[PDB]
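What follows is one structure encoded as structure tokens, with my remarks underneath.
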Amino acid sequence: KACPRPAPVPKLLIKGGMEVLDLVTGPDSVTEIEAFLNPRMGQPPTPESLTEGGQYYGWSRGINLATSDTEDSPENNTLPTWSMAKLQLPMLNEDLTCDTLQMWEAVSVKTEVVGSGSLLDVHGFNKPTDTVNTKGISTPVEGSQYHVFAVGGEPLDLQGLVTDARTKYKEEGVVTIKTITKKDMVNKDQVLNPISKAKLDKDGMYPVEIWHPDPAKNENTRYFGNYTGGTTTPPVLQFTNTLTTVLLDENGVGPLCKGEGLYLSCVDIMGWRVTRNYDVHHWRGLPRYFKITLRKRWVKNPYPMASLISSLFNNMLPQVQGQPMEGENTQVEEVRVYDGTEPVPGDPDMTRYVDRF
Amino acid sequence: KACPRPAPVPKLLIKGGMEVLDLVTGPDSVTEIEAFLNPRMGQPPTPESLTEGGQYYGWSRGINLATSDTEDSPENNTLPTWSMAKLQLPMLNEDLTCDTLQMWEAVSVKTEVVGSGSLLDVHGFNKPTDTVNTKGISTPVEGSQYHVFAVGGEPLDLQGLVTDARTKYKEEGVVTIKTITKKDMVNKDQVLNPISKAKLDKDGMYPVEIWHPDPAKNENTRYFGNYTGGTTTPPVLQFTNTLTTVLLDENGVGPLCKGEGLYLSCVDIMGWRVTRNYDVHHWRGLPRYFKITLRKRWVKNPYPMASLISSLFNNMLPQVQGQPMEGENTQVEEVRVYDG
Amino acid sequence: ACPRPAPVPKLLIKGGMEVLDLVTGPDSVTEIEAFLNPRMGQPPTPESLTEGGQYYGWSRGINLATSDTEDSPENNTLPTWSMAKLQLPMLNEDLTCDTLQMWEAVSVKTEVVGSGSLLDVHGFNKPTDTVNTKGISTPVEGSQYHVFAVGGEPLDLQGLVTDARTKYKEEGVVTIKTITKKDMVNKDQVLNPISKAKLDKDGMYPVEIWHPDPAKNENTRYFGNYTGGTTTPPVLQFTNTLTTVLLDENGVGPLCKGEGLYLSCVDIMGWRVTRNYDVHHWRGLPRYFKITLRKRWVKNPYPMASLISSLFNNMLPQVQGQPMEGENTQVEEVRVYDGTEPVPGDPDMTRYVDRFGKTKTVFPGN
Amino acid sequence: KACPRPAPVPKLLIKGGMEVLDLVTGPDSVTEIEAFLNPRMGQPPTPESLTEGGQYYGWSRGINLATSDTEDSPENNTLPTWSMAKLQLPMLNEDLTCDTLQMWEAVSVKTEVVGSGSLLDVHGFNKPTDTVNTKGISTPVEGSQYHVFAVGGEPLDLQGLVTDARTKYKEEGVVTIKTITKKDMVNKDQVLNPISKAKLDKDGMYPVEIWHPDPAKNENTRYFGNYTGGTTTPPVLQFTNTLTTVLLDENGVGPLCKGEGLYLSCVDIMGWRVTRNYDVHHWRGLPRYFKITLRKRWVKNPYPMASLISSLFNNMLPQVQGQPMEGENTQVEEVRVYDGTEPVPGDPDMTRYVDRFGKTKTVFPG
Amino acid sequence: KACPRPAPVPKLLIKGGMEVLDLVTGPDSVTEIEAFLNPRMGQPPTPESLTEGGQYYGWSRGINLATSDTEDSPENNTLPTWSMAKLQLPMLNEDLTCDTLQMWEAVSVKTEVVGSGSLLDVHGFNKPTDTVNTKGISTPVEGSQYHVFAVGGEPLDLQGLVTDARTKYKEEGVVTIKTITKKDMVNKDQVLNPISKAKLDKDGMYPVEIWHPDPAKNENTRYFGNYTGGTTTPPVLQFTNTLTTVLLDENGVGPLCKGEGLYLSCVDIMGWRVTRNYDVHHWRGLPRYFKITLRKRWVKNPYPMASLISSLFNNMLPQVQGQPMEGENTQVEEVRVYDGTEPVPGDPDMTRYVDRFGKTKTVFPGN
């Protein structure tokens, strides 16, 4: 019979939690994972009591200024930090007989900051707008805004850069340039220092005013950030469920999930609220929703089994000290490789740079 | 033949009200419904009197600040809320032999916030611009703005999120997170609690500072919002009758009307006006106009007919208590089965 | 053989509205250019620069209310809608083949003129350094409102006011009370489907009351934008290259009913604050229009009997008369005869079509 | 056997100054002219010495405010004006045989306001930021901005519009509306007066607060402007060397250079400088660089349409004032019309008219 | 034999430092160089101690205003300058048979200003937001902003322009207009002088408030700048690793690296930091990262190598200073060129000439 024919649409196989990923689906199946990340900026979630910690959860604890030009030691519960998660996806392959192997590949992302209309709470005990009578409206969140999000297959590579290289960050509880380099910061740390490099592996530990997304040579992460400074800049946010970001690069690949993990990073700063006291500011952050679309991709084997065959050659032998054949005090003078045959050249050690003339 | 031919345009079959939807038109017919939603924010429309209400209709009543860091009671007639409507559409065809149904499907929307030029009213008893001599102009509406609107085939899903979670919202007349989750707010309700969820179903009841459009796993609603903060930010609004918004998704479907209803939701905050007194800060909201274009779509029934019949009967009949016929104190004695 | 030129469109005649009379052809294009002046408060009529001080192009002042309940806005302080109507020539007076022909606006080049005029920072306005009354004469600033419309009929408006307790003067201005002969209600502060109007007059409908109304089906394209605030730098961009297409979803654009082309406009730039009590004056700028029209073949939607009855109903006066309709009607019986039948035995039998056929009605005897 | 092939690229024929245009290059050649206009807005370039004129060159002299609502004399050296230049291109057609001429034709323009980084000079003698202790930063250039530029084959047509129509401008040194109308300004000059119209043909002469690019009937100029008002608005500028503007219109022509002249007009106002005194404001303007790409276009010869056939159809009407040939004091004695041929009648002074429908010979005397 | 095939992507031969470029690869090979430039914004990097300089590195030292209208003399460590770098690439092939050689060609650039989130340091010793009690937030960096970056095959052409032509810029440590034109600045230099032009060969030497990218008739560099002014304007910065700038032009070429070098120029000013003592207004600048993608392109040699090597060998011959056979005091009295044969003409003193296309016998001299 001449039936009506509804339009063809992707067929849902299964819908649920993270356990749904154990169903073996096939090579051309598409997964849509939905997650969120909370603003971990200052006060942790660990004291749940609305009285014990006052529940500045979602806020910082209060910005204390420096006592002198040389004396700057803020606090850890005052610095907003990077939120991150890692989604552990199921292992895909058993194919170590041909050097192809399939992993997960982030294709699209639908992301959104949640809670913007809550910034319309203009009652409450914040500094009023009419201050000479202490009436009017509770001043809403304003100031500097910082919105970065990243989606990759490895942790976000970071780059250290600070306003003052003499700030005394605590040596415990927070990851600082000194935590990585193991020595106090230099003047090259207020500009780009190629040495101040870390990875976003901890969550709520790397402050966003030290660590910024690193534009490394080759990368497996797509990050999108934007900054708005000032003291009373109005917050501006736009939400909708209608637009996606494409995560594919020029080769049309997009983040390959190595290991099997998918890393999400974010920081959403809306500004600060100033209290009804000495003008104590508290940073506000809002959560970010993620919707990552993953497909399966055939790649060339990223597991070198020669690594295992040579770790077997190496763990049979002791570890040796010796004289340096690596680094800046290398005692290796020269390495040259020959592959084919050529006509005998003239000058064979000939400079190919004109400035060497 | 001899004389010219005008260009072809869509043929209008009928024009009128929601009554004209009862005309059976066919499978390829397109419907356009004009409608508007009013700014339900603060003062309700019930006291129509311009003296006993002062007529803050269209405005909020007046924002009272918290008395301490722990005491904060915000007076429901102060909080702007979500406006919503539901348009009941006619039942459609079906084809039981192929198991296909017909349902309505929103295809595009023309929306607009009406009344922007009314904010050029600079006479009146607002805080003057030259306040030392009380001269100048009456300060216009300024401040934080919030413009969200949604068009779906079912009520908009909401996600609870607040500033201080110690706020004492009134336990009647408003929908709080405590109304939904019968416990008090926790500290996780200041960031994102998957437990703090709701549906924008009543109207003028869900405060816009508690309830935000929730990005659920799978969705049947297209919402578009934007927020502008501050205390003196100039309102900006652009109106035209010339641009449309496509409600179709990646597969090209757009909001299918569950049951048979088409749900419209909006909130359009413009800022505050300040009075010539203690600086109370009434909100202003403007109405939103909707023009939804709908068509009929052939969809596939995803459920067995026996399951739908069982559900119909389970919802038809009242849940009775009764004497125990299952369990350990059963009153059924024997059950026998014969065949032949 | 020497080089030939390129096919530029051929100009038949240029001039004024005189040029629209000459019969041009079926597929000719007309470009009409016009302008609308800012009619906001002070009218053009006292042309002397000393009597009205010539706030022409400006408003007259701003008078704050005296209490919550008593606000009187003083008509010369309210900016209003500018409008015009271009009377185009009749097209099909000759005849028609059950399809007429009307003018159709396809495009519009528009522009607000005089923005560099706002660089006059000399003059007697509130100085920048207000302690020593030196510096710069504060330029025009504040709330801006730019709307324009191009249609084939007057712009429909929707009433909406900041306050419904405002006492607009009952003469010289059109308000919600003028159109709905009652007072304003609280619903007139949100959206009343009842407070509607047409942009009929010019310099009469204030823009703080009357907004372009999104009706169901429309013959007008309007584009507007509003920028609030008190200081709010003015921003304006003028160019002789951008065009607006007036064709709609179906590719038609505004069909000129009758043969009129209606332009509406309001371009508010902000206020000038005087060196006095801080009296504010609205500033507006003229708007230039360039509308491109063509002739469209259009089918008549209405039947001839309807048009003839409309003609006669608008010619003849409307009658009060005695009640031949209603519950106290004075009509006694109405009989209709169509064919012929044998003589019925009852002369006053009743006959009526219930649903399909006429049924004779006995009187209730048995 | 083979050897590589670079990619095709337009071949440069010659490169130099304006004399390079003397080489005859054929019909399909393309010319690119770089040029700049300086801000001639305020103090003139003439006194070169850095003490005599203080060297407010590039700047304006101090803005002086009005003394009362009726006395306003704005002191020519404080009034930014339009920059304009004309480039005389070589004359193309040397053959009068057939009906085709050749014109220059501006196709594209790369333009740029250069010097924006100079506005970061915050050392200097300006109103400080912390003016209490007179310390901080010398306040940078801020305020209201105005950037216009035009490229055409004719001088830019201007329209007059003023903030105040009293505004006693000096009568020599600038071209005001009175300089053109010969009468005092009227109130219609604060709105669009179709009479206050000029052409930008002198440089440093037409103030930007009086004269604005006129959207006229038919045009041979592409102008792009934008305005930002206010008193402390931050200046914004975006310079690059990658984007070009297309000057072709809807028919794809672009400004045809008549008389072989190319006209560049510009005004780039950046805001004000405030002095460490009474808050005396000085306008800052920056130069504008142009790169116009020109080609040759075959146009039709217009001269065969001589002036006697192309008679005074345009606004070539000087006026009518003469002895009365109309009205009741008319001096026309008699008019008669003849069309055909008839047999010789009797009375040669017979009068003959045509009634409401047809012809009738008036009865004879008697 | 039947395993699935991954998709083809560009094959990386090798990666490392600038030494990796010494491997001869082939005509269709593509290189991508990642680099960065630090802000040369007043104070230099060299006094690296955090107390000897206070380390205003990345900042300027402090803006000292003019004492009078006529004398304005700024310190060199208070003027932000252009950052630049040259990247010397290897030599490529040549082909004297058809006089073509291949050059390096910049095709794309991914650029980014790094460190925007460092401007969220609102603790610290700056002018507080509530000044009557010296509490609140230490005011963040704000003010006038200036972001330019350029990528080319030759050094960036500059064009001088100043607010005041009467400023006393120090004669050493900074390249001003007076350094290039040995005279003082004139009033033409406040507007536009086609005379005050320079290149960007040095680094930390050309101040940004004097030297602006010049839109010359010609150019081999692509530059992108934008300026935002004011006193309290908030900084705005957008960063991502996903946006690319196409450096090709109308003909689709893009910057050709003459002299094998590739030139990066930048200045990224974010505003001022105001100190607590007075309103001292140090500038702030952030580093810019560049990822430039280069390819090899065959180009025609513009100048024939014959004339070049001829002039090279002629400069080996002794140069002599004899009696003038050149110029206006020439002792050359006659030069005649005969080529063919013709019937014996009339006037034996005839003059023949060539007028911009072809030979014309000079007009019959009895005019």
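So you can find residues: chains in the structure tokens are A, B, ... in the order shown, residues in each start at 1, and ligands are numbered from 1 in order.
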Near chain B, which residues of chain C fall within 7 Å when you count only C-alpha atoms, and what do they look like as a count of residues only? 39
Backbone DSSP call of helix (DSSP H, G or I) for region 219-328 of chain C, listed as number ranges by chain: C: 304-315
Contact residues (chain D, partner chain E, 8 Å, only C-alpha atoms) as a compact mmCIF listing (two decimals) with N, CA and C atoms, in the first residue's frame:
# COMPACT_ATOMS: atom_id res chain seq x y z
N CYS D 3 60.98 23.48 -17.83
CA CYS D 3 61.41 24.38 -16.78
C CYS D 3 60.18 25.06 -16.20
N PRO D 4 60.22 25.47 -14.94
CA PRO D 4 58.99 25.85 -14.24
C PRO D 4 58.32 27.08 -14.82
N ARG D 5 57.09 27.31 -14.36
CA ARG D 5 56.25 28.41 -14.82
C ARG D 5 55.63 29.11 -13.62
N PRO D 6 56.08 30.31 -13.25
CA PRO D 6 55.37 31.08 -12.23
C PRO D 6 53.92 31.33 -12.61
N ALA D 7 53.15 31.75 -11.63
CA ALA D 7 51.73 31.98 -11.83
C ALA D 7 51.50 33.33 -12.52
N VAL D 9 50.20 37.06 -13.27
CA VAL D 9 50.03 38.21 -12.40
C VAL D 9 50.01 39.43 -13.32
N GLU D 34 47.99 56.25 -5.50
CA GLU D 34 48.06 56.50 -4.07
C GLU D 34 48.13 58.00 -3.86
N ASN D 38 45.18 65.74 3.95
CA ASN D 38 45.52 66.10 5.31
C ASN D 38 44.31 66.71 6.01
N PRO D 39 44.25 66.64 7.33
CA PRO D 39 43.15 67.29 8.02
C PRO D 39 43.30 68.80 7.98
N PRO D 45 47.73 75.39 7.30
CA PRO D 45 49.11 74.89 7.25
C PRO D 45 50.16 75.96 7.06
N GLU D 48 54.53 78.03 9.24
CA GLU D 48 55.21 76.77 9.53
C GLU D 48 55.84 76.77 10.91
N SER D 49 56.08 77.94 11.49
CA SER D 49 56.91 78.01 12.68
C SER D 49 56.15 77.54 13.92
N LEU D 50 56.85 76.79 14.76
CA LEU D 50 56.28 76.11 15.91
C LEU D 50 56.03 77.02 17.09
N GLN D 55 51.73 75.91 16.45
CA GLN D 55 51.54 74.67 15.71
C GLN D 55 50.44 73.80 16.33
N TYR D 57 48.67 72.90 13.96
CA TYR D 57 48.42 72.28 12.67
C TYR D 57 48.13 70.80 12.85
N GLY D 58 47.07 70.32 12.20
CA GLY D 58 46.46 69.07 12.52
C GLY D 58 45.40 69.20 13.59
N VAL D 114 45.55 57.34 8.93
CA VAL D 114 46.88 57.00 9.42
C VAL D 114 47.28 57.94 10.54
N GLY D 115 47.88 57.39 11.60
CA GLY D 115 48.36 58.17 12.71
C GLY D 115 47.67 57.88 14.02
N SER D 116 46.88 56.81 14.08
CA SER D 116 46.07 56.52 15.26
C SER D 116 46.92 56.29 16.49
N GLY D 117 48.11 55.70 16.32
CA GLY D 117 48.98 55.45 17.45
C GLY D 117 49.56 56.70 18.07
N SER D 118 49.54 57.82 17.36
CA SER D 118 49.99 59.08 17.93
C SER D 118 49.12 59.50 19.10
N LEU D 119 47.89 59.01 19.15
CA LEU D 119 46.94 59.33 20.21
C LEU D 119 47.29 58.66 21.52
N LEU D 120 48.38 57.91 21.58
CA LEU D 120 48.89 57.34 22.82
C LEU D 120 49.95 58.22 23.46
N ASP D 121 50.05 59.47 23.05
CA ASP D 121 50.98 60.42 23.64
C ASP D 121 50.32 61.03 24.87
N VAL D 122 50.51 60.39 26.02
CA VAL D 122 49.86 60.84 27.25
C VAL D 122 50.81 61.60 28.16
N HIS D 123 52.05 61.81 27.75
CA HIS D 123 52.89 62.83 28.34
C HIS D 123 52.63 64.14 27.61
N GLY D 124 52.60 65.24 28.34
CA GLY D 124 52.26 66.50 27.73
C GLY D 124 51.38 67.34 28.63
N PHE D 125 51.09 68.54 28.13
CA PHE D 125 50.45 69.59 28.91
C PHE D 125 48.96 69.61 28.58
N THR D 129 44.61 63.50 34.62
CA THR D 129 43.54 62.60 35.03
C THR D 129 43.22 62.76 36.51
N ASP D 130 44.25 62.83 37.35
CA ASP D 130 44.08 63.24 38.75
C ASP D 130 44.36 64.73 38.81
N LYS D 135 48.28 65.43 38.59
CA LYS D 135 49.15 64.30 38.30
C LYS D 135 48.34 63.25 37.57
N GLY D 136 49.05 62.26 37.03
CA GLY D 136 48.39 61.17 36.35
C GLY D 136 48.82 60.99 34.91
N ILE D 137 47.86 61.14 34.01
CA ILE D 137 48.09 61.03 32.58
C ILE D 137 47.56 62.31 31.96
N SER D 138 48.26 62.84 30.97
CA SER D 138 47.70 63.92 30.18
C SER D 138 46.56 63.33 29.36
N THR D 139 45.32 63.69 29.72
CA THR D 139 44.13 63.08 29.16
C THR D 139 44.24 62.93 27.65
N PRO D 140 44.04 61.73 27.12
CA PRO D 140 44.17 61.54 25.67
C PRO D 140 43.02 62.16 24.90
N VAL D 141 43.12 62.16 23.57
CA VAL D 141 42.08 62.72 22.72
C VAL D 141 40.82 61.87 22.84
N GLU D 142 39.70 62.51 23.16
CA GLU D 142 38.42 61.86 23.33
C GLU D 142 37.33 62.77 22.80
N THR D 232 33.23 62.25 26.25
CA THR D 232 34.38 61.45 26.64
C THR D 232 34.38 60.09 25.96
N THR D 233 33.84 60.00 24.76
CA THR D 233 33.76 58.73 24.05
C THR D 233 35.15 58.30 23.60
N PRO D 234 35.54 57.05 23.81
CA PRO D 234 36.87 56.62 23.40
C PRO D 234 36.96 56.54 21.89
N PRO D 235 38.01 57.09 21.29
CA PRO D 235 38.19 56.91 19.85
C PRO D 235 38.51 55.47 19.50
N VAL D 236 38.07 55.06 18.32
CA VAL D 236 38.27 53.71 17.82
C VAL D 236 38.72 53.81 16.38
N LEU D 237 39.80 53.12 16.03
CA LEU D 237 40.25 53.09 14.65
C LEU D 237 40.81 51.73 14.34
N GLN D 238 40.56 51.28 13.12
CA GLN D 238 41.02 49.98 12.63
C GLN D 238 41.71 50.19 11.30
N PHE D 239 43.02 50.05 11.29
CA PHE D 239 43.79 50.19 10.07
C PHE D 239 44.32 48.83 9.64
N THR D 240 44.31 48.62 8.33
CA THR D 240 44.87 47.39 7.80
C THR D 240 45.34 47.65 6.38
N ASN D 241 45.93 46.64 5.77
CA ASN D 241 46.40 46.75 4.40
C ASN D 241 45.92 45.54 3.62
N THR D 242 44.67 45.14 3.86
CA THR D 242 44.11 43.97 3.20
C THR D 242 42.70 44.14 2.63
N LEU D 286 43.09 63.40 11.73
CA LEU D 286 44.20 62.63 11.21
C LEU D 286 44.12 62.56 9.69
N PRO D 287 45.24 62.35 9.00
CA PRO D 287 45.20 62.26 7.54
C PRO D 287 44.58 60.97 7.06
N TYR D 289 44.67 58.24 3.74
CA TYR D 289 45.37 57.76 2.56
C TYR D 289 44.38 57.09 1.62
Show which residues sit within 12 Å of residue 194 (chain B), as a list in words. Count only C-alpha atoms, and ignore same-chain residues fewer than 4 positions away. residues 35, 36, 37, 38, 287 and 289 of chain A; 158, 159, 160, 161, 177, 181, 188, 189, 190, 198, 214, 215, 216 and 217 of chain B
Dump as a JSON list (two decimals), in the first residue's frame, selection limited to N, CA and C atoms:
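Produced file again_9.json, reproduced below:
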[["chain", "number", "residue", "atom", "x", "y", "z"],
["A", 35, "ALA", "N", 27.35, 16.81, 29.74],
["A", 35, "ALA", "CA", 28.00, 16.99, 31.02],
["A", 35, "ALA", "C", 27.98, 18.46, 31.39],
["A", 36, "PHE", "N", 28.32, 18.76, 32.64],
["A", 36, "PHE", "CA", 28.51, 20.13, 33.06],
["A", 36, "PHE", "C", 29.72, 20.21, 33.98],
["A", 37, "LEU", "N", 30.15, 21.44, 34.23],
["A", 37, "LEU", "CA", 31.30, 21.76, 35.07],
["A", 37, "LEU", "C", 30.94, 22.95, 35.93],
["A", 38, "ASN", "N", 31.22, 22.87, 37.22],
["A", 38, "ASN", "CA", 30.82, 23.93, 38.12],
["A", 38, "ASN", "C", 31.94, 24.95, 38.28],
["A", 287, "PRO", "N", 28.15, 27.93, 36.11],
["A", 287, "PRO", "CA", 28.51, 26.64, 35.51],
["A", 287, "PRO", "C", 28.43, 26.67, 34.00],
["A", 289, "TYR", "N", 27.62, 24.11, 30.62],
["A", 289, "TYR", "CA", 27.07, 22.88, 30.10],
["A", 289, "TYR", "C", 27.80, 22.50, 28.82],
["B", 158, "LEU", "N", 13.21, 23.80, 33.07],
["B", 158, "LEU", "CA", 13.93, 24.83, 33.81],
["B", 158, "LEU", "C", 14.96, 24.18, 34.72],
["B", 159, "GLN", "N", 15.99, 24.95, 35.05],
["B", 159, "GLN", "CA", 17.07, 24.53, 35.93],
["B", 159, "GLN", "C", 17.27, 25.58, 37.00],
["B", 160, "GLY", "N", 17.15, 25.16, 38.26],
["B", 160, "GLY", "CA", 17.27, 26.08, 39.38],
["B", 160, "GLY", "C", 18.69, 26.48, 39.65],
["B", 161, "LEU", "N", 18.89, 27.78, 39.88],
["B", 161, "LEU", "CA", 20.22, 28.33, 40.13],
["B", 161, "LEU", "C", 20.02, 29.70, 40.74],
["B", 177, "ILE", "N", 12.84, 26.66, 44.52],
["B", 177, "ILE", "CA", 13.46, 25.34, 44.47],
["B", 177, "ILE", "C", 12.94, 24.49, 45.63],
["B", 181, "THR", "N", 11.79, 20.68, 45.27],
["B", 181, "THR", "CA", 12.43, 19.77, 46.21],
["B", 181, "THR", "C", 12.01, 20.20, 47.61],
["B", 188, "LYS", "N", 24.82, 23.61, 46.86],
["B", 188, "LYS", "CA", 24.93, 23.18, 45.48],
["B", 188, "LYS", "C", 23.90, 23.85, 44.58],
["B", 189, "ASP", "N", 22.91, 24.52, 45.16],
["B", 189, "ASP", "CA", 21.93, 25.26, 44.39],
["B", 189, "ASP", "C", 22.42, 26.64, 44.00],
["B", 190, "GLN", "N", 23.63, 27.00, 44.40],
["B", 190, "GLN", "CA", 24.27, 28.20, 43.91],
["B", 190, "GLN", "C", 25.17, 27.95, 42.72],
["B", 198, "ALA", "N", 12.55, 21.77, 36.93],
["B", 198, "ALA", "CA", 11.13, 22.09, 36.90],
["B", 198, "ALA", "C", 10.68, 22.22, 35.46],
["B", 214, "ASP", "N", 16.79, 25.04, 30.89],
["B", 214, "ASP", "CA", 17.64, 23.90, 31.17],
["B", 214, "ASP", "C", 18.06, 23.22, 29.89],
["B", 215, "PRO", "N", 19.36, 23.08, 29.64],
["B", 215, "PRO", "CA", 19.82, 22.28, 28.50],
["B", 215, "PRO", "C", 19.83, 20.79, 28.81],
["B", 216, "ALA", "N", 18.66, 20.18, 28.64],
["B", 216, "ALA", "CA", 18.41, 18.77, 28.89],
["B", 216, "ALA", "C", 19.11, 17.92, 27.84],
["B", 217, "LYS", "N", 19.09, 16.60, 28.06],
["B", 217, "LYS", "CA", 19.75, 15.70, 27.12],
["B", 217, "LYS", "C", 19.15, 15.88, 25.74]]
Quick one: everything within 9 Å of residue 167 (chain D), counting only C-alpha atoms, minus sequence neighbours fewer than 3 positions away in the same chain. Send it as a ChimeraX atom specification. /C:123 /D:70-74,162-164
Restrict the selected residues to N, CA and C atoms and save them as a tab-separated table (two decimals), in the first residue's frame.
chain	number	residue	atom	x	y	z
C	123	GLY	N	27.95	77.61	21.38
C	123	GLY	CA	26.55	77.77	21.71
C	123	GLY	C	26.29	77.72	23.19
D	70	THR	N	21.72	84.44	21.82
D	70	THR	CA	21.57	85.11	20.53
D	70	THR	C	22.89	85.58	19.93
D	71	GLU	N	23.94	85.71	20.72
D	71	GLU	CA	25.25	86.10	20.20
D	71	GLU	C	26.14	84.88	20.12
D	72	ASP	N	26.53	84.51	18.90
D	72	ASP	CA	27.30	83.29	18.66
D	72	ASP	C	28.17	83.52	17.43
D	73	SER	N	29.47	83.73	17.64
D	73	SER	CA	30.42	83.96	16.55
D	73	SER	C	31.53	82.93	16.65
D	74	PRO	N	31.54	81.91	15.78
D	74	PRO	CA	32.38	80.73	16.04
D	74	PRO	C	33.81	80.81	15.53
D	162	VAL	N	22.12	73.09	10.17
D	162	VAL	CA	22.85	73.65	11.29
D	162	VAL	C	22.12	73.34	12.59
D	163	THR	N	22.89	73.31	13.68
D	163	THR	CA	22.28	73.17	15.00
D	163	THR	C	21.41	74.38	15.32
D	164	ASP	N	21.97	75.58	15.22
D	164	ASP	CA	21.24	76.82	15.42
D	164	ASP	C	21.31	77.63	14.14
Within 9 Å of region 148-157 of chain B, counting only C-alpha atoms, which residues show up once you throw out same-chain ones fewer than 4 positions away? Write them as a PyMOL selection string, please. (chain A and resi 239) or (chain B and resi 84+86+104-106+109+111+197-201+212-216+219-227+247+254-268+288+292)
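Each of A:268, A:105, A:260, A:214 was checked against chain B using only C-alpha atoms; the smallest atom-to-atom distance is that of A:268.
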So that I can check the surroundings of residue 254 (chain D), please list as a PyMOL selection string every protein, DNA and RNA residue that reaches within 9 Å of it, counting only C-alpha atoms and ignoring chain neighbours fewer than 6 positions away. chain D and resi 105-108+152+220-222+246-248
Go ahead and write the residues just picked, N, CA and C atoms, as a compact mmCIF listing (two decimals), in the first residue's frame.
# COMPACT_ATOMS: atom_id res chain seq x y z
N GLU D 105 37.35 55.74 -14.82
CA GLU D 105 36.29 55.12 -14.02
C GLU D 105 36.91 54.52 -12.77
N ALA D 106 36.60 55.09 -11.62
CA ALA D 106 37.09 54.57 -10.35
C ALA D 106 36.37 53.28 -10.02
N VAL D 107 37.14 52.22 -9.82
CA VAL D 107 36.59 50.88 -9.62
C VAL D 107 36.63 50.47 -8.16
N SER D 108 37.71 50.79 -7.47
CA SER D 108 37.93 50.33 -6.11
C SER D 108 38.72 51.39 -5.37
N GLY D 152 34.69 60.46 -6.36
CA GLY D 152 33.76 60.69 -7.44
C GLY D 152 34.45 61.24 -8.66
N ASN D 220 27.38 60.63 -8.93
CA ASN D 220 28.64 60.15 -9.49
C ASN D 220 29.73 60.10 -8.42
N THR D 221 29.33 59.88 -7.17
CA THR D 221 30.21 59.90 -6.02
C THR D 221 29.79 58.77 -5.10
N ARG D 222 30.76 58.12 -4.47
CA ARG D 222 30.50 57.16 -3.40
C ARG D 222 31.05 57.75 -2.12
N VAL D 246 34.67 48.40 -3.00
CA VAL D 246 34.23 48.38 -4.39
C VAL D 246 33.37 49.61 -4.62
N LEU D 247 33.71 50.39 -5.64
CA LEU D 247 33.00 51.62 -5.95
C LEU D 247 31.97 51.44 -7.04
N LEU D 248 31.83 50.25 -7.60
CA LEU D 248 30.81 49.99 -8.60
C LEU D 248 29.43 50.01 -7.98
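With only C-alpha atoms as the atoms that count, the minimum distance from chain C to the choices D:88, D:68, D:77, D:319 is reached by D:68.
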Please identify the strand (DSSP E or B) residues within region 77-215 of chain B (assignment by DSSP from backbone atoms) and present them as a ChimeraX atom specification. /B:80-81,83-88,94-95,100-113,126,128-130,135-138,142,145-152,156-160,197-200,207,211-213
